[PDB]
Amino acid sequence: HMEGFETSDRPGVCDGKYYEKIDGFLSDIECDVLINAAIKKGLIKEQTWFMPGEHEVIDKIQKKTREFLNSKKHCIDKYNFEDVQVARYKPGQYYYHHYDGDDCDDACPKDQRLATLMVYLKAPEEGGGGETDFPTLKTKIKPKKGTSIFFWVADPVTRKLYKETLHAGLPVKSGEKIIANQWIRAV
Ligand SMILES: [Mn+2]
């Protein structure tokens with residue numbers, strides 16, 4: 001994603017899509033139900049995690065993530081789900097651009113994280129910033145309650161990172177932001 005010409009002999013990404021967005025992945029009500037469950041697990045002191053079968057909304061997240069990945073069997077085959085994390089962000093918080101996987105070359109972990117499906121459970125207020133930043137792809141995503149972002153982290157074949165999906169949550173300027181992260185590992 002450079003205006004100036006640069007030759008590119010890098011590996012391709014599934015269907016040429018580094019990220020995909022789905023509105024209404026969860027309903028507003030489902031988001032609030034899950035936020036409240038996470039608060040009761042000690043979210044606010046900021047992150048907490050769920051077991052499979054602990055919560056119905058979490059179970060829906062994994063269910064629908066699998067259904068999405070069923071449509072990508074030409075790109076991925078065997079994979080494993082991590083437990084779902086719920087995390088909160090508020091103004092004046094430290095942030096940093098990173099990859100969700102191991103930045104490896106010849107020694108890639110067999111259980112590399114291959115992708116991430118994140119769900120915005122609560123969005124910042126008006127003029128609240130807190131965008132998801134993909135600086136290398138030169139795009140941000142405005143949080144929206146109920147919306148999911150799926151993005152690739154590593155090549156299922158080589159397990160090397162897609163450096164294109166370097167990302168951060170930018171500072172929240174007003175209100176708060178809560179997300180659920182579903183990480184997807186190779187087997
Ligand atoms: Mn991340």
# chains A, B, ... in the order shown; residues from 1 in each chain; ligands from 1

call {"tool": "closest_atom_pairs", "arguments": {"of": "chain A", "to": "ligand 1", "cutoff": "12 Å", "atoms": "only C-alpha atoms and all ligand atoms", "output": "CSV"}}
result
residue,atom,partner,partner_atom_place_in_ligand_line,distance
A:85,CA,ligand 1,1 (Mn),11.4
A:87,CA,ligand 1,1 (Mn),10.9
A:95,CA,ligand 1,1 (Mn),10.3
A:96,CA,ligand 1,1 (Mn),9.2
A:97,CA,ligand 1,1 (Mn),8.0
A:98,CA,ligand 1,1 (Mn),6.4
A:99,CA,ligand 1,1 (Mn),6.1
A:100,CA,ligand 1,1 (Mn),4.9
A:101,CA,ligand 1,1 (Mn),8.6
A:102,CA,ligand 1,1 (Mn),11.7
A:113,CA,ligand 1,1 (Mn),11.0
A:115,CA,ligand 1,1 (Mn),10.3
A:116,CA,ligand 1,1 (Mn),8.3
A:117,CA,ligand 1,1 (Mn),10.3
A:118,CA,ligand 1,1 (Mn),9.3
A:132,CA,ligand 1,1 (Mn),9.4
A:133,CA,ligand 1,1 (Mn),10.2
A:134,CA,ligand 1,1 (Mn),10.6
A:149,CA,ligand 1,1 (Mn),11.7
A:150,CA,ligand 1,1 (Mn),11.7
A:151,CA,ligand 1,1 (Mn),10.3
A:152,CA,ligand 1,1 (Mn),11.3
A:153,CA,ligand 1,1 (Mn),9.5
A:165,CA,ligand 1,1 (Mn),9.4
A:166,CA,ligand 1,1 (Mn),8.2
A:167,CA,ligand 1,1 (Mn),6.4
A:168,CA,ligand 1,1 (Mn),6.3
A:169,CA,ligand 1,1 (Mn),7.9
A:170,CA,ligand 1,1 (Mn),11.4
A:179,CA,ligand 1,1 (Mn),10.9
A:180,CA,ligand 1,1 (Mn),11.1
A:181,CA,ligand 1,1 (Mn),8.6
A:182,CA,ligand 1,1 (Mn),10.6
A:183,CA,ligand 1,1 (Mn),9.6

call {"tool": "write_last_selection", "arguments": {"atoms": "N, CA and C atoms", "output": "compact mmCIF listing (two decimals), in the first residue's frame"}}
result
# COMPACT_ATOMS: atom_id res chain seq x y z
N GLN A 85 -10.61 -13.60 25.40
CA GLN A 85 -10.24 -12.51 26.29
C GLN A 85 -11.22 -11.34 26.13
N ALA A 87 -11.07 -7.22 27.14
CA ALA A 87 -10.13 -6.20 27.57
C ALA A 87 -10.74 -4.80 27.47
N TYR A 95 -0.08 2.58 24.93
CA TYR A 95 -0.39 1.74 23.78
C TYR A 95 0.86 1.60 22.93
N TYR A 96 0.90 0.59 22.06
CA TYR A 96 2.07 0.34 21.23
C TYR A 96 1.71 -0.55 20.04
N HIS A 97 2.26 -0.24 18.87
CA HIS A 97 2.03 -1.07 17.70
C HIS A 97 2.80 -2.38 17.79
N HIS A 98 2.11 -3.47 17.49
CA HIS A 98 2.64 -4.81 17.70
C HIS A 98 2.04 -5.82 16.72
N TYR A 99 2.57 -7.04 16.74
CA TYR A 99 1.94 -8.16 16.04
C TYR A 99 1.33 -9.07 17.09
N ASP A 100 0.29 -9.81 16.71
CA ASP A 100 -0.37 -10.71 17.64
C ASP A 100 0.35 -12.06 17.74
N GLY A 101 1.27 -12.31 16.82
CA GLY A 101 2.01 -13.55 16.82
C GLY A 101 3.50 -13.39 17.08
N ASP A 102 4.22 -14.50 16.97
CA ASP A 102 5.67 -14.54 17.13
C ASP A 102 6.32 -14.10 15.83
N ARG A 113 -0.01 -18.10 16.30
CA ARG A 113 -1.32 -17.47 16.08
C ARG A 113 -1.43 -17.10 14.60
N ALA A 115 -4.48 -15.98 13.14
CA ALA A 115 -5.43 -14.89 12.93
C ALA A 115 -6.10 -14.46 14.23
N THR A 116 -6.82 -13.35 14.14
CA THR A 116 -7.55 -12.75 15.25
C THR A 116 -8.94 -12.32 14.81
N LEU A 117 -9.96 -12.68 15.57
CA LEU A 117 -11.28 -12.08 15.38
C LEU A 117 -11.62 -11.30 16.63
N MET A 118 -11.72 -9.98 16.49
CA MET A 118 -12.04 -9.12 17.62
C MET A 118 -13.44 -8.54 17.48
N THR A 132 -8.88 1.29 15.94
CA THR A 132 -7.92 0.24 15.64
C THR A 132 -7.06 0.73 14.48
N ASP A 133 -5.75 0.76 14.67
CA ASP A 133 -4.84 1.32 13.68
C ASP A 133 -4.03 0.24 12.96
N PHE A 134 -4.09 0.25 11.63
CA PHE A 134 -3.28 -0.63 10.80
C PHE A 134 -2.37 0.25 9.94
N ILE A 149 -13.96 -7.45 13.73
CA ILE A 149 -12.86 -7.34 12.79
C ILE A 149 -12.08 -8.65 12.80
N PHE A 150 -12.01 -9.30 11.65
CA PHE A 150 -11.16 -10.47 11.47
C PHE A 150 -9.91 -10.03 10.75
N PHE A 151 -8.73 -10.42 11.23
CA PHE A 151 -7.53 -10.18 10.44
C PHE A 151 -6.49 -11.29 10.59
N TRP A 152 -5.72 -11.46 9.53
CA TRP A 152 -4.69 -12.49 9.48
C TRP A 152 -3.46 -12.01 10.22
N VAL A 153 -2.81 -12.95 10.91
CA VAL A 153 -1.63 -12.66 11.71
C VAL A 153 -0.41 -13.37 11.13
N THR A 165 -0.15 -6.59 9.06
CA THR A 165 -1.20 -6.42 10.08
C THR A 165 -0.63 -5.98 11.44
N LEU A 166 0.51 -5.30 11.41
CA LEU A 166 0.96 -4.52 12.55
C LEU A 166 -0.21 -3.63 12.98
N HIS A 167 -0.48 -3.55 14.27
CA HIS A 167 -1.64 -2.79 14.73
C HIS A 167 -1.53 -2.29 16.16
N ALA A 168 -2.43 -1.38 16.49
CA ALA A 168 -2.59 -0.88 17.85
C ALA A 168 -4.02 -0.40 18.05
N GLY A 169 -4.44 -0.34 19.31
CA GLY A 169 -5.58 0.47 19.67
C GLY A 169 -5.07 1.85 20.03
N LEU A 170 -5.51 2.86 19.29
CA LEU A 170 -5.07 4.22 19.57
C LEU A 170 -5.70 4.73 20.87
N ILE A 179 -13.27 -4.72 24.26
CA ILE A 179 -13.18 -5.63 23.13
C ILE A 179 -13.10 -7.08 23.61
N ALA A 180 -13.59 -7.99 22.77
CA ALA A 180 -13.35 -9.41 22.95
C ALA A 180 -12.42 -9.92 21.84
N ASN A 181 -11.35 -10.61 22.24
CA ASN A 181 -10.36 -11.14 21.30
C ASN A 181 -10.42 -12.66 21.20
N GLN A 182 -10.65 -13.15 19.99
CA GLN A 182 -10.60 -14.58 19.71
C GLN A 182 -9.38 -14.89 18.85
N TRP A 183 -8.35 -15.43 19.49
CA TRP A 183 -7.12 -15.80 18.80
C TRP A 183 -7.20 -17.23 18.27

call {"tool": "closest_residue", "arguments": {"among": "A:75, A:187, A:44, A:22", "to": "residue A:155", "atoms": "only C-alpha atoms"}}
result
A:75

call {"tool": "atom_distance", "arguments": {"atom1": "atom CA of residue A:40", "atom2": "atom CA of residue A:21"}}
result
28.9 Å

call {"tool": "atom_distance", "arguments": {"atom1": "atom CA of residue A:16", "atom2": "atom CA of residue A:2"}}
result
16.0 Å

call {"tool": "closest_residue", "arguments": {"among": "A:114, A:61, A:3, A:139", "to": "residue A:34", "atoms": "only C-alpha atoms"}}
result
A:61

call {"tool": "residues_around", "arguments": {"residues": "residue A:79", "least_positions_apart": "4", "cutoff": "7 Å", "atoms": "only C-alpha atoms", "output": "list in words"}}
result
residues 184, 185, 186 and 187 of chain A

call {"tool": "closest_residue", "arguments": {"among": "A:67, A:125, A:111, A:82", "to": "residue A:25", "atoms": "only C-alpha atoms"}}
result
A:67

call {"tool": "closest_residue", "arguments": {"among": "A:172, A:76, A:104, A:121", "to": "residue A:36", "atoms": "only C-alpha atoms"}}
result
A:121

call {"tool": "select_by_dssp", "arguments": {"residues": "stretch 47-165 of chain A", "states": "helix (DSSP H, G or I)", "output": "list in words"}}
result
residues 56, 57, 58, 59, 60, 61, 62, 63, 64, 65, 66, 67, 68, 69, 70, 163, 164 and 165 of chain A

call {"tool": "closest_residue", "arguments": {"among": "A:106, A:62, A:93, A:38", "to": "residue A:80", "atoms": "only C-alpha atoms"}}
result
A:62

call {"tool": "closest_residue", "arguments": {"among": "A:13, A:178, A:83, A:110", "to": "residue A:39", "atoms": "only C-alpha atoms"}}
result
A:178

call {"tool": "atom_distance", "arguments": {"atom1": "atom CA of residue A:91", "atom2": "atom CA of residue A:145"}}
result
18.2 Å

call {"tool": "select_by_dssp", "arguments": {"residues": "stretch 21-67 of chain A", "states": "strand (DSSP E or B)", "output": "list in words"}}
result
residues 21, 22, 47, 48 and 49 of chain A
